[PDB]
Every structure is written in C-alpha cells, then in structure tokens.
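Have a look at the structure below before the remarks.
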Amino acid sequence: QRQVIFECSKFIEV
Amino acid sequence: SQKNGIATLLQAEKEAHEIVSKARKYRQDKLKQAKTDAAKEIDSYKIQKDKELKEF
C-alpha cells in the first residue's frame, strides 16, 4: 500500500 | 500531461460538485419561500373574516 502511493504520486507529478 | 490531465479531471469534478450543491441550496431556499409566501396569504384571509364578523 506504500508502493501504490509512491508510484501514483509520481504519475501525477509527471 | 500526466499530472496536467489528472489536474483538469480533479477541477472538473470539483466544478460538478458545486453545480449539484447549488441546486440543492436552490431547493432549500424554495422550502423557506413556500412558508413565507404562505404565511402572508393566511393573515389576509384572517382580516376579511374578522371584518365581516365585526359587521355582524
């Protein structure tokens, strides 16, 4: 659940 | 355009939320209006029946 937040804040920052 | 597109989708949703919220307040206002315009129509009928009771 930590990783699907780390890899979906990055998708919004891109 | 990844977080530029998600950013537009977020605004659009927020915009939808306020539009729905406004019509819910509109109705809310309309319920208060019914009461108001009804409160006046009672006391006009009150004053005519007081008048023709006093004529008697």
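Letters A, B, ... mark the chains of the structure tokens in the order given; residue numbers begin at 1 per chain; ligand numbers begin at 1, in order shown.
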Contact set, chain A to chain B: 10 Å, only C-alpha atoms, as number ranges by chain: A: 9-14
In chain A, DSSP alpha helix (DSSP H) residues written as a PyMOL selection string: chain A and resi 3-13
